[PDB]
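One chain follows as structure tokens, the form deposited without the ligand.
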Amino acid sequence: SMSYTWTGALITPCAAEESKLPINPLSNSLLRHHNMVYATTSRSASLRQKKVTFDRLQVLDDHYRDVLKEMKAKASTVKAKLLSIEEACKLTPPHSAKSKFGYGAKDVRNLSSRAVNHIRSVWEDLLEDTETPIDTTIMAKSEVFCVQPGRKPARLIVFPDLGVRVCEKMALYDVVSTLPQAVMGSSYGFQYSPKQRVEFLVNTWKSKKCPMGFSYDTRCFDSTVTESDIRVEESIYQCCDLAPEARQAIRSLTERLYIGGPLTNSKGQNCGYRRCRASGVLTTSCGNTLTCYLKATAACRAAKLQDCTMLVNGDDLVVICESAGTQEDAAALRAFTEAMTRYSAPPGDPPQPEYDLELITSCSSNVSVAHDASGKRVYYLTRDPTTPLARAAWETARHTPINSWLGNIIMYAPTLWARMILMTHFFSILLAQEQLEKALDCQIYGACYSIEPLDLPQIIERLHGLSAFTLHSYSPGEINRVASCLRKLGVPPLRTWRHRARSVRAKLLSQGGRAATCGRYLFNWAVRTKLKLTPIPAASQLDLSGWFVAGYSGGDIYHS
């Protein structure tokens, strides 16, 4: 069927939308080429719609079915807990889109009578009405990018009302947080922290006689997800031991919301109909991961690839297997893409066999190596800094709900560009505004957390280890990329940053407290007189577990 059907009504903005980076005295320190930074707007919606709209082709086979049963069998071991209206409400981000029923995020978190009561009525309805399609809202998402040799059309987000959202949590939060793991084990990418992911990729890579791996980019994954896929997805959830209410709610949500439903723009006008995956629902991350793993694992058997190892992150896939030779590999890969196309997962860019792990890009990032104080190699996860930087500039010129810059300092603390550009630039700004202890909200694997900037040394040591503060001698390839990128965006030369770092470090130390620990550990690269960085107390007294359990991107989750 058609992934989409449009009435003709326009995907309307919900207010004034900014596309150009505003000129702020602070933005220029980071990059001078501000006209290269742009935020997507609803004005490009039409372009997007044309690309995500199309008829799907899906042919299932014996391999698909075999793998499915293997996954169901494992799911069978799971027992899911129904969440209480209270627990579910506490998971709602304080800035989630208000309900069209006289209550918003605050009320929900404040267990407000109106909020709690509508949510109850919504839940009741999910238990009685097993058919009526639930209304969803469609918006053009605003995201910042750097123009590439033209621009990207806004992505489209579809989500149900706040009421519905809380009910989703009630019925599926425990499932989407534990099932993926139970079904895919070490293949579930969200169980890993950046360091653990690298560990998994390197271990998996060395365990091969002659390793070969590729990244498989699926063309607009969400729109390739079919009614069948989503029902196969539910069949897996139905294998869990569930409370009657939770079970009915999963069945009703599947038929009324997940398989598709009406689309309404911000003006309350009917826009069309969705017959594929919505981006703004709780099962998006879990469902795409399950669906992508199922298809790839089956495709691999079909393509006769040898000893495949999947690493799935929603719609993101990276496969590492036993090479059977250059030609054979190239052929098995094409066979794999065809198996995937039949399964309704056509490729965006054709996949390419990689024989060098650093060249494989998965989850918009790759594995690279540098050296610690001792001089021993240390592997870390990095990525092209273009978007992180572009956004960092946007987040400097304007106040923003989430802070990608902070989320990036955390996930990419070991990286050359994160330590030289982001830490320097942002700490220097925080001092200028006397706001080091002010908690900031940022997202890790889609879920929001409030983090105090001054706890960055502990966090980093905990997730990455002390080497993150001493890494040097990066790879030629990594150095080249960062350099090319920094020059492209017009970012101050190395020398300009070292000077700014020496100054920020000094300013920080002369404050003691947690602000001093930041100066010693984070900017230890600036000074010639290195420091014997020892373990940090607060670092061991940390529990960053919830951080890397599952994916919730689009699920509207917030961890208090």
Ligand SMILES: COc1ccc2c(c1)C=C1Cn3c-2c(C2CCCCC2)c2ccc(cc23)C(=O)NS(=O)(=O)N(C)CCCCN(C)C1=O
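So that there is no doubt, residue numbering starts at 1 and follows the sequence shown. What we label the rigid core is the largest C-alpha set whose atoms superpose within 1.5 Å from one form to the other.
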query: Line up the rigid core: which moves more in 5 other deposited structures of this protein, 9 to 17 or 543 to 551, by C-alpha RMS?
result: 543 to 551
query: Looking at C-alpha RMS in 5 other deposited structures of this protein with the core superposed, is it 484 to 492 or 173 to 181 that drifts more?
result: 484 to 492
message: In a third or more of the other compared PDB entries with flanking residues modelled, does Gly150 go missing?
response: yes
query: So which stretch wins on mean C-alpha B-factor, 431 to 439 or 407 to 415?
result: 431 to 439
statement: Of 205 to 213 vs 218 to 226, the stretch with the larger average CA B-factor in the entry is 205 to 213
message: Sorting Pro388, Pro453, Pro133, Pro160 by Cα temperature factor from the record, which one lands on top?
response: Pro453
field: Out of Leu533, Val59, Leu494, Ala39, highest CA B-factor residue
entry: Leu533
task: Would you mind ranking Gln49 by its C-alpha B-factor against the rest of the chain and naming the third, lowest, middle or highest?
output: middle
- request: Would you mind ranking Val108 by its C-alpha B-factor against the rest of the chain and naming the third, lowest, middle or highest?
  value: highest
- request: Determine, from the deposited record, the chain-internal third of the Cα B-factor for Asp372: lowest, middle or highest.
  value: highest
- line: In terms of its chain's C-alpha B-factors, the third that includes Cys300 is the middle
- line: Here the Cα B-factor of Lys507, set against its chain, lands in the third termed highest
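The same protein has a further form, the form solved in complex with the ligand, not shown here; the description that follows concerns it.
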- prompt: Taking the pose of the ligand in the bound PDB entry and superimposing the site C-alphas, would you call this form open or blocked (blocked if 3 or more ligand atoms are within 2.4 Å of a backbone or C-beta atom)?
  reply: blocked
message: Under a 4.5 angstroms heavy atom criterion, identify the one residue in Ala393, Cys300, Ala115, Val166 near the ligand in the bound PDB entry.
response: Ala393
Proximity to the ligand in the bound PDB entry, single hit among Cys89, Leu456, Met310, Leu489 (heavy atom within 4.5 Å): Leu489
message: Counting heavy atoms only and using a 4.5 Å cut-off, do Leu389, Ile421 and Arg500 all touch the ligand in the bound PDB entry?
response: yes
statement: Testing 60 to 68, 531 to 539, 507 to 515, 491 to 499 against the ligand in the bound PDB entry with a 4.5 Å heavy atom criterion leaves exactly one stretch, namely 491 to 499
- prompt: Can any non-hydrogen atom of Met36 be found within 4.5 angstroms of the ligand in the bound PDB entry?
  reply: yes
query: Quick one: is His425 in contact with the ligand in the bound PDB entry, heavy atoms, 4.5 Å cut-off?
result: yes
